[PDB]
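Taking the form deposited in one PDB entry, here's one chain by itself in C-alpha cells.
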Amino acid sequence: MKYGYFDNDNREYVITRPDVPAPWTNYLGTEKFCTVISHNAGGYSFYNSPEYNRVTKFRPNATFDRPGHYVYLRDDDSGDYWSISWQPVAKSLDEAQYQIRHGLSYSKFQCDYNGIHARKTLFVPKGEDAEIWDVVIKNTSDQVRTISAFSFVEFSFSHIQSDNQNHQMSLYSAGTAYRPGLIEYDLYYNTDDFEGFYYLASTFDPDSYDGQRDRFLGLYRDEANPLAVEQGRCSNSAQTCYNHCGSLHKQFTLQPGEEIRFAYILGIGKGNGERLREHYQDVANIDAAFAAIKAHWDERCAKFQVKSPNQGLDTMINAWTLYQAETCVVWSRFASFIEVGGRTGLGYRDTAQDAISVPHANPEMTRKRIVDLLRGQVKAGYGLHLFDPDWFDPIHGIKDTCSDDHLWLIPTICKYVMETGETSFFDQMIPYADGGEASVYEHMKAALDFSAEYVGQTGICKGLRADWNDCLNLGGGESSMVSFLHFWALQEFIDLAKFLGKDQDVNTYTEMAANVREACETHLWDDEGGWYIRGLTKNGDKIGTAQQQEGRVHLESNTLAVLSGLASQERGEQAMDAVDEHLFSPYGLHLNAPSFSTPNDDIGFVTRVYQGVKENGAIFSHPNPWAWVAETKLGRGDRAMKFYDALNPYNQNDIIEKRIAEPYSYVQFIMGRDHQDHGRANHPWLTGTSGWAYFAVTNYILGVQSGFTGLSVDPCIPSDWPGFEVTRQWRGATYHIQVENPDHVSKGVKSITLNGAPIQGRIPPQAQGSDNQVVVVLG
C-alpha cells in the first residue's frame, strides 16, 4: 500500500490520500523560526529554542496531531464547512479530494470539494521570523459561490512545560489584543518586545476575529467543529488570561471560475505583523519570498548531483537525504513529533557526527556547529553530553561522561577544513566549557589524549556512562566501539599532523594508534565465531562471543573495526560476513543478535529493553551506513548496495502498511525480527542516520572525497554498474566526474584524466569558477 509518490521534477513528495497511518511531517524554516508540520497541517512552530520559545501549541502522542495551522472554508449559502488540510474537519474522502506536496522548506496543501478548489502553501521566508500561509480559493462550479475563510492557531505560553503543566501560573501569563488584520499575542512576563510577542495577521481586512480559544472553538467542541466556523462568524474576542488563538475571518463572493489569493502570517515580534500583512498584500512579494526558498535549496542541491543506475539512490542523494541531513545540522535533534519537550540544545555526539555530512552545501552552519561543540568541550578533553550552545556563545562530571562523544569531532573538523580549505581554523582560540582556552588543534589533541588515558589494563577504551549505544553502560568495563572510533580519529589526526608538518605529533599519535591496533587485534577478536566482540564488562567477561546465548554478534564493533581502518582485510571480511549472515533483514541490519533477555547491569540497560526494540535487537538505522562504508573499504560494492537498498525509505514507498513512517525520511529504528511489529519504522527526520547515509554514499560508494591537497575519486559500486556521473562543487570550482566501468569490477581505478590529461592521485584544487572534466576508468 502507498499514500503518495516522489515527484523528481519538482523535488516534492506528493501525498495523494491524507488518511496515512501516521503524521508525515516536513520542516519549514532555515534560520531561527521553525515549523514542524504534518500532511494534516498538525504541528507547531518555535523560535530558536523549542523548549523556551514555542510559538503555537502541540498535544503530542495522540490519535490526532493537534492543534495545527488550519484554514477552514465555509459555504455561507449552505453552512457547510471543511478545512484545506483534510483534518481537522475530515470531510469524507468520497466527497473531497486532498493532495499534499511536501517540498524543501515548504508544504503545499490542496483540497477540491463540491465546486471549490483551495490551495494553501505554508513556508517560512528567509529574512523573517514568521510563517506565510499563501491561500488561493477558486470557484470551479457553474454558479456564484460565497465562501468564508477562517484561520486558527493556538498560541503557546512559550515554555513547553507551561503548556503541559503549571497552568495555575501560565493561564494568567498572556493576553490578546486586536488591530486591523492583526491579533497580537502578549507573553506578559516576557519584557522583550521581540521574543515576548507573537501574532497572526491577514493580508485582507477581516470581517471578524477571535483571540480567545474558548470562544472560537466553543464549549464541548474542538478543532474538528469550531463554533465560529459553524455559525459563520467569530465573536471578536480579545482579552488577558486563559487560552489564546489567532483566528481571522473574511467572506468572499466568487463568480464562476473566479479565484482570489490572500495570506495569513504567523510570526514573532512587535511591529512585524503590521509590516508583513501590508508587504504581502502585493502577492508578488509572496512569490519572491517563495522563489528565495527554492533558490536556497537549488544552490545546495547543485553542489553534489549524481546520475546512476539506481533511481532510489539518485532521488534521495540529490534531494531528500541532503535535506534531512542539513535539517539535523541546522535544527538539531529536539524538535519533532517525537521530541516534544525536556531535552533541548545540542547532543554532543549527534551534532559532531551530523556536521561531517554537508560542509560542501552549508559550510557556514557546519563551522558554527563545530565551534559550538568545541566550546562545549572541557579541558579534560571530553564533551558535555547535552548542552545549550547559547550558554557558551560569547558542566557535568566524569560520571555523566559518555566515552565516544568527543572523538567524533576529530574526523568532522578535519573534513570541514578539507572541504573549505580554511586551514587557519586550526589556530583559532576557543574557550573550554570549564574555563581556559586552547587552539582548535589543541582541543582535538585533548580529545585524543582523553581516550588514551581512560583505558583498561589491556589497552581498550573504558565505556564510562555509555558509548555510542546509550544502553551499553560499562563504566570501568571496556568498549570495542570506542577503541575503534579512537583509531579512526587517530588516523584522521595523523594525516592532519603530516599535512601541517607537525612531526612530533605525527610520531606521538602514530605510536598511540599502533598501540590501539595491537590491543584490539589481540583482545577483541573471537576466532570461534569469526567477528569482533562488543566489549568487556568491568569484571573482564567478554560481551559478544560465539559461546554466549544472548547478544553474540554486534553491528557497532564489527562495522567500525573496518570503517576505522583498524581491522585487516581478512578479519574485516569475515566480521562483516557475520553481520550479513546474522544481522541482515529485508528492512536493514539489526544492531545485535540474538536479542538480550536476561537483565545484566554489567552490560547495561540494553539487557532490560524489549527484544527487537530500540537498542536491543532492533534495526537501529544510524550504524547501517557504517556497514556500507565498511563494505566499500573491503571492496565489496554489491554487498554495500544490498544494505543500502534494504534501508532506503524510497524503496518502501509501497509497503506503508508495514513501515508506517515517511518513505522519504530515515528513522531512528525499525522493529526487529523479535517483535511482532517487525518492519515498522519509528522516529523520522531527526536521526543521525541521514547525515551518515549521505556521507557514506557520496564519499564511499560514489567515492568522492575532498582532501587537504586534492579531490579523490575512488568508488566502490555494484559490479554490474556500467558507470555513473557526479557533479561536484569544491572550493569554488566545479568537477564534472564521469566514472566508467567497462570491465565490470567493483572497486579499483585504472586511470583518471583531468581536462583530457592523465593524472596520478588526487585532483589538485582548480581555479575559482573553473569547470573541470574528470574521467575515471575503473579496472
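By rigid core we mean the largest C-alpha set that fits within 1.5 Å across both forms. The numbering used is simple: start at 1 and walk along the sequence shown. Only residues modelled in both forms are compared.
Q: Does the deposited sequence hold unmodelled residues between residue 501 and residue 502, and if so, how many: none, 1 to 3, 4 to 9, or 10 or more?
A: Per the deposited record, the segment joining residue 501 and residue 502 has no missing residues.
Q: Would 726 to 734 or 22 to 30 have the larger average of its C-alpha temperature factors, as given in the entry?
A: Comparing 726 to 734 with 22 to 30, the higher average CA B-factor belongs to 726 to 734.
Q: Which has the higher mean CA temperature factor in the PDB entry, 510 to 518 or 587 to 595?
A: Stretch with the greater average CA B-factor: 510 to 518.
Q: Which of these, 318, 208, 668, 539, has its C-alpha atom at the highest B-factor, as the entry lists it?
A: Highest C-alpha B-factor among the listed residues goes to 539.
Q: Of the options 474, 276, 697, 555, which has the highest CA B factor as deposited?
A: In the PDB entry, the greatest C-alpha B-factor among 474, 276, 697, 555 is found at 474.
Q: Could you say whether, by C-alpha temperature factor, residue 246 belongs to the lowest, middle or highest third of its chain?
A: CA B-factor rank for residue 246: lowest third.
Q: Once the chain's modelled residues are ordered by C-alpha B factor and cut into thirds, is residue 37 in the lowest, middle or highest one?
A: Residue 37: CA B-factor falls in the lowest third of its chain.
Q: When the deposited Cα B-factors of this chain's modelled residues are ordered and cut into thirds, is residue 51 in the lowest, the middle or the highest one?
A: Answer is lowest: the recorded C-alpha B-factor places it there.
Q: How does residue 299 rank on Cα B-factor within its chain, lowest, middle or highest third?
A: Middle third.
Q: Please say which third, lowest, middle or highest, residue 104 falls into when its CA temperature factor is compared across its chain.
A: Lowest third - that is where residue 104 ends up once the chain's C-alpha B-factors are sorted.
Beyond what is shown, the protein has a form deposited in another entry; the following relates to that form.
Q: Superposing on the core, which single option in 473, 97, 190, 537 has a CA shift of 2 Å or more between this form and the one not shown?
A: Once the cores are aligned, the residue moving by 2 Å or more is 473.
Q: Please say whether, between this form and the one not shown, the C-alpha of residue 293 moves by 2 Å or more once the core is aligned.
A: For residue 293, whose C-alpha is compared between this form and the one not shown after core superposition, the shift is less than 2 Å.
Q: Quick one: core overlaid, is residue 464 moving 2 Å or more at the Cα between this form and the one not shown?
A: The answer is yes, as the C-alpha of residue 464 shifts between this form and the one not shown by 2 Å or more after core alignment.
Q: Tell me whether residue 453 and residue 471 end up closer or farther apart in the other entry, going by their C-alpha atoms; the shift is 3 Å or more.
A: Relative to the shown form, the pair is closer.
Q: Tell me whether residue 474 and residue 454 end up closer or farther apart in the other entry, going by their C-alpha atoms; the shift is 3 Å or more.
A: Compared with this form, residue 474 and residue 454 lie closer in the other entry.
Q: With the rigid core held as the fitting reference, name the runs of three or more adjacent residues whose C-alpha atoms all move by 2 angstroms or more between this form and the one not shown.
A: When the rigid core is held fixed, residues 464 to 469, 471 to 475 are the runs that shift.
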